Every structure is written in C-alpha cells, then in structure tokens.
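Next comes coords16.cif, a file with mmCIF, N, CA and C atoms.
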data_my_file
loop_
_atom_site.group_PDB
_atom_site.id
_atom_site.type_symbol
_atom_site.label_atom_id
_atom_site.label_comp_id
_atom_site.auth_asym_id
_atom_site.auth_seq_id
_atom_site.Cartn_x
_atom_site.Cartn_y
_atom_site.Cartn_z
ATOM 1 N N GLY A 1 0.797 -1.203 0.000
ATOM 2 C CA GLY A 1 0.000 0.000 0.000
ATOM 3 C C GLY A 1 0.827 1.248 0.000
ATOM 4 N N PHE A 2 0.157 2.342 -0.200
ATOM 5 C CA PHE A 2 0.761 3.639 -0.322
ATOM 6 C C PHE A 2 -0.045 4.654 0.471
ATOM 7 N N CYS A 3 0.622 5.507 1.183
ATOM 8 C CA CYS A 3 -0.054 6.490 1.994
ATOM 9 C C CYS A 3 -0.068 7.862 1.355
ATOM 10 N N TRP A 4 -1.207 8.505 1.451
ATOM 11 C CA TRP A 4 -1.426 9.811 0.908
ATOM 12 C C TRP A 4 -2.229 10.622 1.919
ATOM 13 N N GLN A 5 -1.604 11.651 2.491
ATOM 14 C CA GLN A 5 -2.235 12.535 3.499
ATOM 15 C C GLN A 5 -2.576 11.758 4.766
ATOM 16 N N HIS A 6 -1.746 10.755 5.052
ATOM 17 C CA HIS A 6 -1.872 9.854 6.216
ATOM 18 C C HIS A 6 -3.028 8.871 6.048
ATOM 19 N N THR A 7 -3.619 8.897 4.885
ATOM 20 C CA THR A 7 -4.627 7.968 4.503
ATOM 21 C C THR A 7 -3.936 6.929 3.609
ATOM 22 N N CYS A 8 -3.914 5.705 4.021
ATOM 23 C CA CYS A 8 -3.204 4.701 3.277
ATOM 24 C C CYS A 8 -4.128 3.917 2.365
ATOM 25 N N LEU A 9 -3.840 4.000 1.090
ATOM 26 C CA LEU A 9 -4.619 3.379 0.061
ATOM 27 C C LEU A 9 -3.991 1.996 -0.273
ATOM 28 N N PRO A 10 -4.706 1.104 -1.006
ATOM 29 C CA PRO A 10 -4.237 -0.269 -1.281
ATOM 30 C C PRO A 10 -2.933 -0.343 -2.092
ATOM 31 N N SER A 11 -2.351 -1.523 -2.115
ATOM 32 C CA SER A 11 -1.125 -1.810 -2.821
ATOM 33 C C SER A 11 -1.259 -1.474 -4.308
ATOM 34 N N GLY A 12 -0.276 -0.807 -4.840
ATOM 35 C CA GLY A 12 -0.326 -0.383 -6.208
ATOM 36 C C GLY A 12 0.936 0.316 -6.591
ATOM 37 N N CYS A 13 0.955 0.898 -7.753
ATOM 38 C CA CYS A 13 2.140 1.552 -8.249
ATOM 39 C C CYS A 13 1.929 3.054 -8.343
ATOM 40 N N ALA A 14 2.992 3.797 -8.171
ATOM 41 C CA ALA A 14 2.961 5.235 -8.231
ATOM 42 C C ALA A 14 4.167 5.715 -9.004
ATOM 43 N N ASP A 15 3.976 6.703 -9.825
ATOM 44 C CA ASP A 15 5.044 7.202 -10.659
ATOM 45 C C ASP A 15 5.723 8.380 -10.006
ATOM 46 N N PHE A 16 6.913 8.158 -9.535
ATOM 47 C CA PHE A 16 7.712 9.190 -8.937
ATOM 48 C C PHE A 16 8.728 9.673 -9.950
ATOM 49 N N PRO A 17 9.304 10.864 -9.751
ATOM 50 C CA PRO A 17 10.319 11.375 -10.645
ATOM 51 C C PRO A 17 11.667 10.666 -10.432
ATOM 52 N N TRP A 18 12.608 10.923 -11.312
ATOM 53 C CA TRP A 18 13.941 10.357 -11.220
ATOM 54 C C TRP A 18 14.627 10.860 -9.932
ATOM 55 N N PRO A 19 15.463 10.035 -9.260
ATOM 56 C CA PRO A 19 15.743 8.632 -9.634
ATOM 57 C C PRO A 19 14.837 7.616 -8.939
ATOM 58 N N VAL A 20 13.804 8.093 -8.272
ATOM 59 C CA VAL A 20 12.909 7.214 -7.523
ATOM 60 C C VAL A 20 12.160 6.303 -8.498
ATOM 61 N N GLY A 21 11.671 6.902 -9.559
ATOM 62 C CA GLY A 21 11.057 6.156 -10.628
ATOM 63 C C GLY A 21 9.671 5.652 -10.302
ATOM 64 N N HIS A 22 9.224 4.688 -11.055
ATOM 65 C CA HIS A 22 7.905 4.152 -10.889
ATOM 66 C C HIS A 22 7.959 3.048 -9.852
ATOM 67 N N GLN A 23 7.484 3.371 -8.692
ATOM 68 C CA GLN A 23 7.504 2.498 -7.557
ATOM 69 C C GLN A 23 6.218 1.709 -7.445
ATOM 70 N N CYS A 24 6.319 0.533 -6.916
ATOM 71 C CA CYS A 24 5.188 -0.320 -6.679
ATOM 72 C C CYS A 24 5.234 -0.771 -5.260
ATOM 73 N N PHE A 25 4.170 -0.507 -4.559
ATOM 74 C CA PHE A 25 4.103 -0.746 -3.159
ATOM 75 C C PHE A 25 3.176 -1.895 -2.860
ATOM 76 N N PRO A 26 3.739 -3.087 -2.609
ATOM 77 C CA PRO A 26 2.968 -4.307 -2.318
ATOM 78 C C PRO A 26 2.192 -4.226 -1.005
ATOM 79 N N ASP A 27 2.496 -3.235 -0.195
ATOM 80 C CA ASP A 27 1.836 -3.082 1.082
ATOM 81 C C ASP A 27 0.955 -1.859 1.119
#
What do you get writing this file as structure tokens?
Amino acid sequence: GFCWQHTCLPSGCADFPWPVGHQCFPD
C-alpha cells in the first residue's frame, strides 16, 4: 500500500520522478 495525506490506500504503483522512478508498493 501507499499512503497519501496519512490515509493509506491499497497496494499499487505510483510514478515518482527520477531517480525514484515508478515504484510499486505491495503493502
């Protein structure tokens, strides 16, 4: 999962800028 504004949403992918890149959060 991924947290946004302390609200944690389900596992998924998010596109971050370089060099973090496209991250996928299984939790």
Would you place a box with edges along x, y and z of the file around all atoms of stretch 7-11 of chain A listed there, add 5 Å to each of its six sides, and report the centre and edge lengths in Å to one decimal, as AutoDock Vina command-line options?
--center_x -2.9 --center_y 3.5 --center_z 0.3 --size_x 13.6 --size_y 20.7 --size_z 19.2
**OP:** Evaluate the PyMOL selection byres ((chain A and resi 24) around 5) and record the selected residues as number ranges by chain, following the chain and residue labels used in the document.
**Re:** A: 12-14, 22-23, 25-26
**OP:** Apply DSSP to the structure's backbone, then extract all residues of chain A labelled strand (DSSP E or B) and return them as a VMD selection string.
**Re:** chain A and resid 2 to 4 7 to 9 12 to 15 22 to 25
Original post:
Mind telling me what the PyMOL selection byres ((chain A and resi 1) around 6.5) catches here, as a ChimeraX atom specification?
Top reply: /A:2-3,8-12,25-27
